[PDB]
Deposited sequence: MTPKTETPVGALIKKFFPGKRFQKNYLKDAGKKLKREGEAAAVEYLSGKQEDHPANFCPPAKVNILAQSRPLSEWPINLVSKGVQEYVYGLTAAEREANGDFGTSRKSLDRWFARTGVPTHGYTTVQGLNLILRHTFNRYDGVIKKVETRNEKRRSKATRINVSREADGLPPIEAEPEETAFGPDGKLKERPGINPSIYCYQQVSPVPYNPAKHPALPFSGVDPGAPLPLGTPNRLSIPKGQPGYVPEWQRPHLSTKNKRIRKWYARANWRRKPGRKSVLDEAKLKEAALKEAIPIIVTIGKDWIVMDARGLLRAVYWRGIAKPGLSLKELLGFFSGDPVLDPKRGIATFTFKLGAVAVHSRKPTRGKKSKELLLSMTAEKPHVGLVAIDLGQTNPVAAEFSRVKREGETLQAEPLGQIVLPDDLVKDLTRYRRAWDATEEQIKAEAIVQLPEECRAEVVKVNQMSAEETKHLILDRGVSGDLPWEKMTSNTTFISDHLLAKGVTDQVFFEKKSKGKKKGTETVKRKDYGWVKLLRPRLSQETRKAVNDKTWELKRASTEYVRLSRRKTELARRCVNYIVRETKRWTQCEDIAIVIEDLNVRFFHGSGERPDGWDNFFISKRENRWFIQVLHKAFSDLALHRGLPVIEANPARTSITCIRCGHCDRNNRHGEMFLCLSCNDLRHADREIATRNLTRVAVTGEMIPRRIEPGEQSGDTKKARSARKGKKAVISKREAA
């Protein structure tokens, strides 16, 4: 039973007015501001919002949060239930911490009592509420508009929707395509392929990029072109696929080509499908991001065919392998010991079902290709280059009393175990706001996933088995282990540890 719904993001093309000014956003912000300030006793009093119209009306009347004109039951149930669950979230954190601590105390003290030692004094368990009645760690306001059934996206129709300069496709008509006859574009026209790179054109299933894509015109050291943005923007808008969400009086228009590519690269749909089916492949409750301009869709329960299991280990591993050998009698394991030198070392095997025990059959080993290692080396160069800059910038912004001590640390004694905390905090703050650091941190994840995908692809070729299993042991060590453990969560492939 498939139970995983990966996201798919689309771009906002136009708005009636900025998303932060909508009544839904205002009522969400007001509710979030009000609820978090409630004390421990006040939550029980103001915890009867109810899933009905009368209950919601009396909740808004009893308190003083302005409804801001937004009075929709489907949508206020999402705002209130999420907001009160965040209030219980901070309580649940300290509750589970104290539960683990009390289990430790119960084990240790009962063991000592069995040994005759009296139990130690009970520790002052932490409370989530501050001095008078307020939460110490007050939850922050969550900026997001959670769409619902009554405002589900629909294909654009100029008749019943506000007029915008770009056109709108027919919901029932088959969706358009790129340019198949790419080699037939005459010289001097957009998309023209010169007569020197025609032979070494890819034959594989590459994703087709249109000539106005930003990837073909962005600024890199080798690109001696011009990045005129207006021309690319209008050329891209001329061929958009608009879908619209109307919440009350406001509306928003999205570009649906993101959904098209999401269903295309996953292979769930083939070229030649309508917009109605394309929207039917996704949930009718997207999420709007006011800060970026991205609406995030998630696939329906059934669109993807993965199970999203857990990395079982220990005793359950043998039973998992036995059950899988009860399925098609060819299981190809791979061992991912992150050994010396190369970041990845693999060792394929095959096991049968010999009654009760397994019969492993070795099949050899493989190392990472040289191009991938070159890419990893270049990434590490870039990461170290940005690290040597951000650390220096953090050191510069330290207070003079701490700055002198840190300078002495650089100079050549190792002391001052009170400014290490300040250095750590300043470094975390700088890292959280450095855009280049975010880009290089996403690059690490992308490269790690590239390595895992390569290993999975090669482990299906050597063993010639469709179903595979992964064995791991507990720089790139942590990131690669995380990327390999995500396969159970994301793609459903079992991930055994040791």
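- Comparing the deposited sequence with the modelled residues shows gaps at 1-53, 466-536, 599-625, 650-737, with numbering starting at 1.
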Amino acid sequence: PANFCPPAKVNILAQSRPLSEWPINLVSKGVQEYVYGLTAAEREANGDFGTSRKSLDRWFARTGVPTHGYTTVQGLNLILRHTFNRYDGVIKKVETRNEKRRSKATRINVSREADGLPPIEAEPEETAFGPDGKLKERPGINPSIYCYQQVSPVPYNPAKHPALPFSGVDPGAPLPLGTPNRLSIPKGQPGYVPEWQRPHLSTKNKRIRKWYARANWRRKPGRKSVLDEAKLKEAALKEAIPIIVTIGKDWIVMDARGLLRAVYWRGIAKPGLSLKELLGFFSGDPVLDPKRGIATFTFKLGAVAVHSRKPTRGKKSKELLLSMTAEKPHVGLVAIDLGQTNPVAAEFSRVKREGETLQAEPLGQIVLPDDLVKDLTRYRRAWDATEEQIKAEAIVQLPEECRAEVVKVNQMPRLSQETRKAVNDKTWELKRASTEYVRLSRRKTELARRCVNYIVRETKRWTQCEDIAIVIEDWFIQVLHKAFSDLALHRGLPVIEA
From here on, numbers count along this sequence of modelled residues.
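If you superpose the two forms and keep the largest set of C-alpha atoms that fall within 1.5 Å, you have the rigid core.
- Of 181-189 and 384-392, the stretch whose C-alpha atoms sit farther from the shown form in 6 other deposited structures of this protein, after fitting on the rigid core, is 384-392.
- Relative to the displayed structure, the C-alphas of 139-147 lie farther away on average in 6 other deposited structures of this protein than those of the other candidate, with 139-147 and 244-252 compared after rigid core superposition.
- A122 is a gap in at least a third of the other entries compared, counting only those with both neighbours built.
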